[PDB]
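J.: Got a structure for you, written out below as structure tokens; questions coming shortly.
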Amino acid sequence: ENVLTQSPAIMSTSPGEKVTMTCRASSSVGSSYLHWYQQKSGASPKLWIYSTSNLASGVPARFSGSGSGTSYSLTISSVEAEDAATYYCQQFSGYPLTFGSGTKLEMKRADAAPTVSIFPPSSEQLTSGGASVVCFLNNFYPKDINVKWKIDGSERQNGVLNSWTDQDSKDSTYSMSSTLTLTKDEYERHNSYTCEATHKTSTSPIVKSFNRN
Amino acid sequence: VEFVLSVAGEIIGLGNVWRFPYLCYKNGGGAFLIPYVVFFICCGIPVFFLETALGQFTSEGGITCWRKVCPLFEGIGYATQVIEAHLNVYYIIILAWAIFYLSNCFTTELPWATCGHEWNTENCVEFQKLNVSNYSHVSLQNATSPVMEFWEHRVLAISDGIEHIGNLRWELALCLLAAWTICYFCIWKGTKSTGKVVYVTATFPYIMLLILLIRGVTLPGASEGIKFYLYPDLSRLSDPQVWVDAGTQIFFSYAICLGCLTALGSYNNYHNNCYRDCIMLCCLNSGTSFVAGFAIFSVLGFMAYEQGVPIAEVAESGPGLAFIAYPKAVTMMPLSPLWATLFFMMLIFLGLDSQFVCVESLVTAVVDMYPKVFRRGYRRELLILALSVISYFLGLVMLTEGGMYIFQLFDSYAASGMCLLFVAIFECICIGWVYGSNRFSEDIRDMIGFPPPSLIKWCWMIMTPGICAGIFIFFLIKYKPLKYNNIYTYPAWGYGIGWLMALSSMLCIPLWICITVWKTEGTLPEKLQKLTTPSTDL
Amino acid sequence: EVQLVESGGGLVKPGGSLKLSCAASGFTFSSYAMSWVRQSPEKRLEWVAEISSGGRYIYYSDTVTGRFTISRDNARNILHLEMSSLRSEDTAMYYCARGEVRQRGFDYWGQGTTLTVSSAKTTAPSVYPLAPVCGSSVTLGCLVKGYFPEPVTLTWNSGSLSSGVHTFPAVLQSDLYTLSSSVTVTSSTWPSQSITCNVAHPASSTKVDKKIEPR
Ligand SMILES: COc1ccc(C(OCCN2CCC[C@H](C(=O)O)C2)(c2ccc(OC)cc2)c2ccc(OC)cc2)cc1
Ligand SMILES: [Cl-]
């Protein structure tokens with residue numbers, strides 16, 4: 001069990017910037033046995049660098065591995081939008097085979113304010129006897145955004161859903177979804193429904209309210 | 001570097017500095033290289049890789065490896081045992097001659113550099129006292145260089161026939177006794193290797209070969225020698241002797257089919273790289289053979305320049321060319337006795353290492369095959385002493401006045417020719433067809449990481465056995481007699497005994513097949529099924 | 001050129017058994033060794049097994065040894081991996097890697113069969129339409145609440161709309177999943193064009209389309 005670890009687990013790279021990952025090995029590994037992979041978000045991993053110096057077929061020459069012994073590194077010259085993925089390191093020296101922890105290559109850009117849209121539940125939603133109001137946060141950066149639900153005259157903590165979208169390949173932004181799960185008896189006992197989130201563009205959080213009317 | 005020093009301590013050997021230029025001068029000068037490189041590509045790499053990979057895979061001795069790989073073809077190991085026995089008989093006499101040269105070297109004037117002694121005949125001439133001298137009619141009256149006379153008429157006292165075995169040379173007998181007792185000393189006290197003794201006695205042969213080559217190209221008229229060494233004759237390619245001797249020089253210099261290579265593989269761990277080590281070892285061995293060929297052929301080109309006789313017949317062309325050209329080279333060095341004794345001590349070291357590993361592989365295989373008798377009563381060293389005494393007594397038949405012909409016969413017919421060709425053929429048939437080359441390639445993939453590149457695989461199937469069987473058949477149908485000094489026309493009983501022992505080195509494979517079939521019989525298809533199937537997990 | 005298509009996989013009971021099959025084409029399957037690599041739901045990659053090019057040199061990892069067996073068939077160019085006593089810890093999405101030269105690595109991978117082990121039961125998805133508020137870029141939503149297991153393929157207007165769509169990964173609570181999706185449309189497009197949402201759940205064969213009006 002040659003326990004391989006990679007630091008940092010999460011990273012963010014601007015386009016055209018130097019970047020160097022690492023893959024620390026527990027025991028000694030051969031210089032020609034350590035490989036590097038690349039798995040896109042929602043696809044099978046492909047071989048990227050084999051024997052820590054070479055490149056697979058179709059890999060651009062700007063990728064270049066380095067290091068020997070136990071400390072191994074992957075160096076990219078100028079990243080672009082086409083290689084935002086996660087990279088793993090493998091070894092065939094010792095059995096059983098182990099993989100790296102995986103470094104997620106993220107992209108940063110000028111911050112975009114979220115487009116908050118509240119969706120009240122449909123008329124068929126109360127047939128089952130529950131309450132499900134949902135707010136969609138779309139086209140926002142970065143992922144560290146907190147959301148709370150406002151009901152009656154206070155905030156709500158119980159029954160809050162969360163779903164983070166991965167990096168978009170079109171505009172490099174996230175998308176946050178939150179759903180409040182309640183009952184239809186609790187729906188008629190309340191009239192104030194507001195969702196808000198504190199983004200980094202404005203210190204005051206963006207608000208969007210609705211009424212059951 | 002420990003890897004560089006240990007590998008360089010195995011590339012050099014007597015098969016590169018003594019046997020290759022002998023075979024390259026006897027069987028035509030430049031025409032020897034064309035079947036040299038062909039066997040180097042098609043039979044050195046594949047069979048070397050095969051034996052090393054099998055030895056590391058099975059990880060034991062050289063004859064029980066063939067027991068657990070293919071019990072039908074277990075006779076391949078015993079043929080290698082007989083080849084090892086013949087080699088250990090005749091690989092130690094070269095060290096006896098080098099000891100005798102070392103004994104006579106400690107003198108302010110070299111014995112092989114003057115034209116007056118008890119052995120120098122009337123047709124001798126100095127070839128150094130004058131520039132133009134008085135030759136070209138003395139050469140017509142068979143003028144001879146002093147070293148050429150010294151080697152024959154004093155080192156071994158050659159007689160005019162193999163049926164004219166004269167009195168035994170007692171000085172050479174004591175030289176052989178010294179060689180065998182220092183080999184036995186190496187067996188007992190000297191197995192503990194490494195330290196400060198490996199950094200000196202491994203880089204020494206390359207330094208001496210480099211300075212000898214540097215002198216040899218500086219010798220005047222060596223351009224003719226190099227041109228004779230390189231430019232080939234197709235009429236000298238039309239005979240089977242050149243092909244046979246080139247292929248078995250490849251097999252001899254690489255220890256292929258000798259039997260110690262399976263023991264070499266078992267020394268490594270299960271995950272050592274066979275392919276890179278095999279490629280670089282074989283390439284460096286061919287390179288140092290080529291360098292020694294340059295040195296000796298430049299020296300004898302200078303000899304033919306300073307004489308009036310041409311290059312083709314200026315030295316003996318029997319297995320004493322390294323004992324004629326090289327002592328001629330060291331005469332022209334400043335402070336000649338120092339370079340001569342350093343050369344002969346080099347020859348002792350690089351012959352003793354190979355003799356050590358040969359006798360050690362033979363004894364460890366014979367005590368692995370007999371485990372319950374030689375590992376319980378403290379008699380392994382007694383067996384080594386008995387084997388040394390027996391091989392010293394059988395080896396003494398060559399040390400007589402006429403035993404040089406016997407040595408030439410056993411050199412050309414024991415670890416050479418049809419023995420090595422037959423063992424290589426049957427080895428490659430076994431791996432490529434009986435064990436299955438796909439299974440062996442999978443084993444090599446599990447061992448080193450990657451399979452053979454399928455060129456070596458196709459060499460195992462059709463290329464190496466095809467070319468070796470072609471050379472075998474071509475030598476068999478177009479038989480050419482063997483001549484010692486290129487004209488001797490051996491007696492028929494000498495050819496008979498040479499072919500008898502060449503058969504007895506290689507008839508052990510079908511004999512073992514026959515007794516394995518007879519011993520365990522379950523009719524023919526069950527017999528072949530139970531003999532083709534390997535044993536245990538290898 | 002080379003397709004390492006895989007079959008098998010799905011929801012299995014804890015302690016049961018499953019038989020994954022990997023089919024290879026476009027190359028000599030008997031000349032290249034094979035391996036199975038799994039990916040945890042936490043996106044952690046680990047190696048499971050490896051069979052040689054012949055079928056007698058078999059290696060396992062320390063987490064799956066004893067319960068996992070790997071087979072081979074060079075005739076029909078197919079690969080197998082049979083497991084027994086499946087627990088809740090070896091749920092993953094298994095890949096069919098191909099690595100023969102150890103200095104080359106797993107050069108050609110598969111697609112990945114999602115494997116789920118749980119004590120829950122299969123539940124049909126309940127697609128819930130969403131009505132917008134009553135701006136300029138009017139948006140529409142279509143959430144799916146109460147399905148099992150991963151995954152569910154969702155598009156808009158039966159795959160005819162693929163620009164401006166954002167889907168969300170599933171989230172686990174009370175042994176049920178929840179998925180949502182939102183699209184961006186112009187003022188002239190909606191509600192002039194009837195936009196519908198389609199769902200595709202293979203574990204229940206559910207195919208229902210919902211279109212909603214601004215109520
Ligand atoms: C420097 O003294 C040595 C030179 C070579 C060897 C090896 O064989 C010896 C067998 N044979 C005998 C006839 C003359 C051959 C020649 O003189 O060459 C050599 C060897 C054998 C077994 C081993 O394990 C126990 C290890 C080494 C050898 C053979 C091939 C080779 O690949 C290039 C490297 C070493 C060992 C010592
Ligand atoms: Cl050689």
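Ligands are numbered from 1 in the order shown, chains are lettered A, B, ... in the order of the structure tokens, and residues start at 1 in each chain.
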For region 58-61 of chain C, find every residue with an atom within 12 Å (counting only C-alpha atoms), except residues of its own chain fewer than 4 positions away, and show them as JSON, numbers by chain.
T.: {"A": [1, 2, 92, 94, 95, 96, 97, 98, 99], "B": [442, 446], "C": [33, 34, 35, 36, 37, 38, 46, 47, 48, 49, 50, 51, 52, 53, 54, 65, 66, 67, 68, 69, 70, 71, 72, 81]}
J.: Give me, as a PyMOL selection string, the set of residues whose atoms come within 6 Å of any atom of ligand 1, counting only C-alpha atoms and all ligand atoms.
T.: chain B and resi 9-15+252-255+260-261+263-264+281-282+285+350+353-354+357-358
J.: How would the residues just picked look written out with C-alpha atoms as a compact mmCIF listing (two decimals), in the first residue's frame?
T.:
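Once everything was written out, this is part-v1.txt:
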# COMPACT_ATOMS: atom_id res chain seq x y z
CA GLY B 9 33.21 -6.72 -14.23
CA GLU B 10 31.24 -9.15 -16.41
CA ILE B 11 31.48 -7.73 -19.95
CA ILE B 12 35.15 -8.54 -20.49
CA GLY B 13 36.40 -12.10 -20.76
CA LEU B 14 38.72 -14.45 -22.59
CA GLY B 15 36.04 -15.04 -25.24
CA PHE B 252 30.34 -18.63 -26.51
CA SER B 253 31.17 -15.00 -25.71
CA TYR B 254 27.69 -14.45 -24.25
CA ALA B 255 27.73 -17.72 -22.23
CA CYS B 260 25.63 -20.54 -16.23
CA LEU B 261 23.15 -17.99 -17.61
CA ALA B 263 22.12 -19.52 -12.73
CA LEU B 264 22.78 -15.83 -13.48
CA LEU B 281 25.35 -6.40 -21.70
CA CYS B 282 25.17 -7.97 -25.17
CA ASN B 285 30.25 -7.46 -25.10
CA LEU B 350 39.69 -12.30 -16.47
CA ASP B 353 36.70 -14.99 -12.89
CA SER B 354 35.01 -16.90 -15.72
CA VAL B 357 31.67 -18.72 -12.14
CA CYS B 358 31.66 -21.75 -14.47
J.: Select all residues from chain C having any atom no more than 9 Å from an atom of chain B (counting only C-alpha atoms, ignoring ligands), output as a JSON list (two decimals) with C-alpha atoms, in the first residue's frame.
T.:
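Done, and the output landed in part_15.json:
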[["chain", "number", "residue", "atom", "x", "y", "z"],
["C", 31, "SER", "CA", -2.42, -9.42, -25.89],
["C", 52, "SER", "CA", -2.88, -10.75, -16.99],
["C", 53, "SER", "CA", -3.05, -11.31, -20.74],
["C", 54, "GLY", "CA", -3.44, -15.06, -20.23],
["C", 57, "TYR", "CA", -1.69, -13.97, -12.96],
["C", 100, "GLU", "CA", -0.43, -4.08, -20.23],
["C", 101, "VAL", "CA", 2.95, -2.34, -20.24],
["C", 102, "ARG", "CA", 3.67, -1.24, -16.67],
["C", 103, "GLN", "CA", 5.68, 1.72, -18.00],
["C", 104, "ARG", "CA", 2.66, 2.88, -20.05]]
J.: Could you pull out the residues sitting within 6 Å of ligand 2, using only C-alpha atoms and all ligand atoms, and write them as a list in words?
T.: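 Checked against 6 Å with only C-alpha atoms and all ligand atoms; the hits are residues 16, 20, 250, 253, 285, 286 and 289 of chain B.
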J.: Can you check which residues of chain A have any atom within 8 Å of chain C? Use only C-alpha atoms and format it as a VMD selection string.
T.: chain A and resid 32 to 33 35 43 to 47 50 to 51 56 92 95 to 102 117 to 122 124 to 125 136 162 to 165 175 177
J.: Between C:5, C:41, C:12, C:195, single out the one closest to residue 77 (chain C), counting only C-alpha atoms.
T.: C:5
J.: Excluding same-chain residues fewer than 4 positions from region 200-202 of chain C, what lies within 6 Å of it counting only C-alpha atoms, as a ChimeraX atom specification?
T.: /C:152-153,206-207
J.: Generate a file of the selected residues that holds C-alpha atoms, formatted as a CSV table (one decimal), in the first residue's frame.
T.:
chain,number,residue,atom,x,y,z
C,152,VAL,CA,-31.4,10.0,-13.9
C,153,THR,CA,-30.9,11.6,-17.3
C,206,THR,CA,-40.4,6.3,-16.3
C,207,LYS,CA,-40.8,8.7,-19.2
J.: If you run DSSP on this backbone, which residues of region 61-126 of chain A come out as strand (DSSP E), and could you give them as a ChimeraX atom specification?
T.: /A:63-68,71-76,86-87,89-91,103-107,115-119
J.: I need the residue nearest residue 42 (chain A) from this list: C:93, C:98, C:134, C:17. Use only C-alpha atoms for the distance.
T.: C:93
J.: Within 6 Å of region 122-127 of chain C, counting only C-alpha atoms, which residues qualify if same-chain residues fewer than 3 places away don't, as a VMD selection string?
T.: chain C and resid 144 to 148 204
J.: Taking the DSSP assignment computed from this structure's backbone, write out as a ChimeraX atom specification all residues of region 3-183 of chain A that belong to helix (DSSP H, G or I).
T.: /A:81-83,125-127
J.: How would the residues just picked look written out with N, CA and C atoms as an mmCIF file, in the first residue's frame?
T.:
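Output saved as selection-v3.cif:
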data_model
loop_
_atom_site.group_PDB
_atom_site.id
_atom_site.type_symbol
_atom_site.label_atom_id
_atom_site.label_comp_id
_atom_site.auth_asym_id
_atom_site.auth_seq_id
_atom_site.Cartn_x
_atom_site.Cartn_y
_atom_site.Cartn_z
ATOM 1 N N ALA A 81 -9.043 27.138 -21.014
ATOM 2 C CA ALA A 81 -10.331 26.604 -20.586
ATOM 3 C C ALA A 81 -10.514 25.128 -20.916
ATOM 4 N N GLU A 82 -9.613 24.529 -21.694
ATOM 5 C CA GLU A 82 -9.808 23.168 -22.175
ATOM 6 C C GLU A 82 -9.272 22.098 -21.233
ATOM 7 N N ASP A 83 -8.589 22.464 -20.149
ATOM 8 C CA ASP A 83 -8.003 21.468 -19.256
ATOM 9 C C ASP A 83 -8.341 21.751 -17.795
ATOM 10 N N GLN A 125 -48.414 20.189 -6.235
ATOM 11 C CA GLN A 125 -47.451 19.859 -5.191
ATOM 12 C C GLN A 125 -48.138 19.630 -3.848
ATOM 13 N N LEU A 126 -49.240 20.332 -3.586
ATOM 14 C CA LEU A 126 -49.978 20.182 -2.337
ATOM 15 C C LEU A 126 -50.898 18.968 -2.332
ATOM 16 N N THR A 127 -51.000 18.245 -3.450
ATOM 17 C CA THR A 127 -51.803 17.028 -3.479
ATOM 18 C C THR A 127 -51.217 15.955 -2.569
#
